[PDB]
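Heads up, the thing below is written out as structure tokens.
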Amino acid sequence: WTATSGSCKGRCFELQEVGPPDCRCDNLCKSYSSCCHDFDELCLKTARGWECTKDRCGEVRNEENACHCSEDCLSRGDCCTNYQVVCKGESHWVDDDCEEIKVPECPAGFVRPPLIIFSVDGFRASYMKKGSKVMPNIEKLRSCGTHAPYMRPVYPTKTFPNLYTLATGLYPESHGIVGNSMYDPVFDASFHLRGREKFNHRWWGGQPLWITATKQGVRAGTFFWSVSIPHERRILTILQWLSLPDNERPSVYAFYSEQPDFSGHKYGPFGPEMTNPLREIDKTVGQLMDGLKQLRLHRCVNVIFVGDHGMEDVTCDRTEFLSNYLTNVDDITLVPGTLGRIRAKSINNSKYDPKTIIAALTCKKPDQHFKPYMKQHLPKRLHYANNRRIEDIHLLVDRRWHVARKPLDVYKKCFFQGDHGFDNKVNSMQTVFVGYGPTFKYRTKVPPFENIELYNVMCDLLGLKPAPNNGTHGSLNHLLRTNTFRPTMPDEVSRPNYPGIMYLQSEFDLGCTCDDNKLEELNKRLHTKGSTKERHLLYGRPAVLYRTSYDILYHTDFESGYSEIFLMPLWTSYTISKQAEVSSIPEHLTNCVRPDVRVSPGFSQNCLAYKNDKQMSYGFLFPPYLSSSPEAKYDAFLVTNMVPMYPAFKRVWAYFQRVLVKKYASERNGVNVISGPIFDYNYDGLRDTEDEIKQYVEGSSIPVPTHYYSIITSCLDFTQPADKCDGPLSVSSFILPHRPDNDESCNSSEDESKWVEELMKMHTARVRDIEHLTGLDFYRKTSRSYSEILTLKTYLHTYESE
Ligand SMILES: *[C@@H]1O[C@H](CO)[C@@H](O[C@@H]2O[C@H](CO)[C@@H](O[C@@H]3O[C@H](CO[C@H]4O[C@H](CO)[C@@H](O)[C@H](O[C@H]5O[C@H](CO)[C@@H](O)[C@H](O)[C@@H]5O[C@H]5O[C@H](CO)[C@@H](O)[C@H](O)[C@@H]5O)[C@@H]4O)[C@@H](O)[C@H](O[C@H]4O[C@H](CO)[C@@H](O)[C@H](O)[C@@H]4O[C@H]4O[C@H](CO)[C@@H](O)[C@H](O)[C@@H]4O)[C@@H]3O)[C@H](O)[C@H]2NC(C)=O)[C@H](O)[C@H]1NC(C)=O
Ligand SMILES: CC[C@@H](C)O/C(=C\c1ccc(Cl)cc1Cl)c1cccnc1
Ligand SMILES: [Ca+2]
Ligand SMILES: [Cl-]
Ligand SMILES: [K+]
Ligand code: NA
Ligand SMILES: [Zn+2]
């Protein structure tokens, strides 16, 4: 109950919100239906519209007007945004040449430049180019400030997951808003865009920017705006707050636009009806900038223009229906549309089986426009599994499509021509970033980056210490003129051992067999001491950032850090020049595994366990195919280079090692490769400890990886060989799931040249993703600045065209 009979006089858009049943005047009261009786009259004035005109100049103050054109308005902070233009012969901000803002030019009493975040729902990245003629204010911000060609949203590319990622720096799985619609089985409650439950604080995890600011003594304007408050009024409220006294005035402000998303749903991303909403957004930007210039704040404030996600063409006819696949369709609940999430309709049905649901939805129709997954098999780059609100069964829907349960759902609920929510690597889902102000750089283009990184930068802009988040703090230092954050490299926790020859052949009883001069003996000794290490370990050895027991092992062709705990390398490092040759495994060596005389029998794998384990075979981390000489090839068959692999996965691995590495070496002028295992049995994105491992090679203590990674580095200037690079680096990486079948790839019964590369592309990764998953830290010794290396570690190779 609200006693809606208090008053909003002098209280309009109160920054601090009051407790029921005393009535509310905040920009969220409308949404609770708790506004005082006089809110509309006092706070939502509209008389005479939104602009001064010639005859209104120097008028008698009429407090009923929406904005003012009287003399006292500037001191009062409530002029129409075009007042000085109309009544003082000033120019519009958009008509002024741009001029570098070297230092904040702020009124007395400002302690720090204010930050204004202007976010736009559904503003697709290509609108910056394709709408440029109808957005002159936005184009000036873009060309004069710092801009990326696009910004990558998080998955799913829905509104609330992305806006809440902007505010917190967290993946949806950590902040808890995992879709626009959700069921939490612990609360036994649902979350919907329409309605009540979404306001409850228990949905919203992490610490958003406005809370981070308040806790550290920085005042914040409110971030939520009720849909019914018009845009002009939102701008005027912000401008008013900026005229408050020093001790009351916020330092951070947010504006939100429902456009162009709302129109894009009705008309498609490039419908001819889309020109008008883009014009209207630009006009709003113009009003903010004219208003700032009037207050002498246009060279004082940092402005961020940022989207949540793009928009794709999607129509009713492009719907797959689960009833064309499932007999049992009424025993399931589907979360539908541009992604799919499936659970049992009733927890009292013990006959429900996720396994047979998956099997019934896998590769059934020749052009099937969705692919089912257990959530823990989704590409790791999506970070979409570690939340009880995310259902075990997930459908990744092809761009331009929808999934629904039954046809009745689509026609009893064609309306729409646009939608979003797809995989966050998809071009049409990309969005925008522009930063403008004294703390951003002048006329600077930066490469594409992910929206998880912005929270850190907004903290930097405000002098705040960020709450723990998924950004990599310092990786966006290159956007900023000043306020950079100068991180230090994490300290190595475990130092390696460097074992020599300590064991005789006959001490090993592993069930392994292998059919196997003074000049060339000093030679082999030195290779084992680390003579070619500078060639194969280009960027230093990775640091181990947790407590463990491991050894560095040197070889002619490769170097590895071998784990005595997991009985296999944590990492294997080798360089393949443009010139290198592929050989085959000789016949006499096909099943050869050799004891490593540097490593105890007790810290070794064994061949018998693989013979006994009918499901599990093995592969090698440094590929035998790429050995430098017949004699160096023996090193590749050491038991310390062996790892467990399902026969289905060996098909993948073998093609990557036999064909693709040489291909990248020829295309890139040499590559450096680091490969290794990953164990993530609890799908949290973080390295497992030994007590978390759920599977072992039968009869042994050999743990089974959930994934295999590789990091492939070369010279960004590809006229320099990878091993002789003077400047910036170029990287691509992957995290391949270690699966006992190839069900994920519908064409896998064909030749590896038709499906393996496509699989690897799907499972593209950031080096940073691999660091979380292994507890390692790469690129420790380069000649590049650390911030530049952090940017490189957050890079994602997406394999989309331009
Ligand atoms: C992205 O960045 C984020 C942020 O840095 C990373 O997430 C963090 O990871 C840490 C490790 O997983 C984790 O640390 C744990 O914190 C526990 C205390 O948790 C509360 O406090 C924080 C801080 O105020 C708060 O934010 C948490 O909020 C979560 O929970 C509520 C819902 O319950 C949500 O509203 C909120 O969104 C958030 O949910 C997310 O996180 C949890 C995990 O905490 C997930 O389960 C959810 O699905 C969701 O994703 C909490 O309210 C603390 O209890 C933990 O300590 C246990 O484990 C350690 C190991 O060191 C052990 O020493 C301790 O004894 C303890 O074990 C005991 O409990 C066990 C389990 O009950 C039991 O088995 C044992 O027997 C022991 O007795 C742990 O320190 C931190 O909480 C999150 N933070 C956030 C905000 O998510 C994330 O890793 C990054 N991602 C990547 C890929 O890098
Ligand atoms: C769910 C989060 C909510 C706060 O997101 C909104 C805006 C937003 C989020 C983050 C940032 Cl950095 C800036 C802005 Cl403007 C919003 C949503 C719906 C109505 N009004 C405002
Ligand atoms: Ca884990
Ligand atoms: Cl959703
Ligand atoms: K076997
Ligand atoms: Na298949
Ligand atoms: Zn939308």
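The numbers used for chain A are those of Swiss-Prot, and the residues that appear cover 51-463, 468-570, 576-591, 617-886, in sequence.
Header entry for method reads X-ray crystallography, 2.0 Å.
Each Cβ is built from the backbone N, Cα and C atoms, and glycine gets one as well.
Listed in Swiss-Prot:
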BINDING   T209, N230, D311, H474  1-tetradecanoyl-sn-glycerol 3-phosphate binding site
BINDING   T209, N230, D311, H474  1-hexadecanoyl-sn-glycero-3-phosphate binding site
DOMAIN    98-142  domain 'SMB 2'
CARBOHYD  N398  N-linked glycosylation site
CARBOHYD  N524  N-linked glycosylation site
CARBOHYD  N831  N-linked glycosylation site
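Positions of Swiss-Prot features highlighted on the structure.
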residue: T209; record: 1-tetradecanoyl-sn-glycerol 3-phosphate binding site; Cβ neighbours (10 Å): 19
residue: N230; record: 1-tetradecanoyl-sn-glycerol 3-phosphate binding site; Cβ neighbours (10 Å): 17
residue: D311; record: 1-tetradecanoyl-sn-glycerol 3-phosphate binding site; Cβ neighbours (10 Å): 22
residue: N398; record: N-linked glycosylation site; Cβ neighbours (10 Å): 7
residue: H474; record: 1-tetradecanoyl-sn-glycerol 3-phosphate binding site; Cβ neighbours (10 Å): 30
residue: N524; record: N-linked glycosylation site; Cβ neighbours (10 Å): 23
residue: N831; record: N-linked glycosylation site; Cβ neighbours (10 Å): 12
Check the Cα-Cα distances from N524 (N-linked glycosylation site) to the binding-site residues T209, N230, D311, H474 and tell me which is shortest.
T209
Taking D570 and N576 as the modelled residues on either side of 5 missing ones, report their Cα-Cα distance in Å, whole number only.
17
Around the 1-tetradecanoyl-sn-glycerol 3-phosphate site formed by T209, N230, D311, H474, list the extra residues of the same chain whose Cβ is within 8 Å of the site's Cβ centroid.
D171, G172, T207, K208, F210, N212, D358, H359, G475
Gap length 4 residues; flanking Cα-Cα distance, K463 to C468, Å:
11
Which numbers of helix, strand and coil residues does DSSP report for the domain 'SMB 2' (98-142)?
13 helix, 3 strand, 29 coil
Whole-number Å value for how far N398 (N-linked glycosylation site) lies from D311 (1-tetradecanoyl-sn-glycerol 3-phosphate binding site) (Cα to Cα):
40
How big is the Cα-to-Cα gap, in Å, between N230 (1-tetradecanoyl-sn-glycerol 3-phosphate binding site) and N398 (N-linked glycosylation site)?
27
Hey, does DSSP put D311 (1-tetradecanoyl-sn-glycerol 3-phosphate binding site) in a helix, a strand, or just coil?
helix
What's the CA to CA span in angstrom from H474 (1-tetradecanoyl-sn-glycerol 3-phosphate binding site) over to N398 (N-linked glycosylation site)?
34
If you measure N398 (N-linked glycosylation site) to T209 (1-tetradecanoyl-sn-glycerol 3-phosphate binding site) at Cα, how many Å is it?
33
Using the residues the record lists for 1-hexadecanoyl-sn-glycero-3-phosphate (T209, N230, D311, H474), what whole-number Å value is the largest Cα to Cα distance?
14
For the recorded positions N230, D311, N398, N524, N831, which sit with their CB under 6 angstroms from an atom of ligand 7?
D311
Which of the recorded positions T209, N398, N524 have a Cβ less than 6 Å from any atom of ligand 1?
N524
Secondary structure at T209 (1-tetradecanoyl-sn-glycerol 3-phosphate binding site) (DSSP, helix/strand/coil)?
helix
Under 6 Å from ligand 4 by C-beta, which of these recorded positions make it: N230, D311, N398, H474, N524, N831? Sequence order, please.
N230
Rounded distance in angstrom between the Cα atoms of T209 (1-tetradecanoyl-sn-glycerol 3-phosphate binding site) and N831 (N-linked glycosylation site):
34
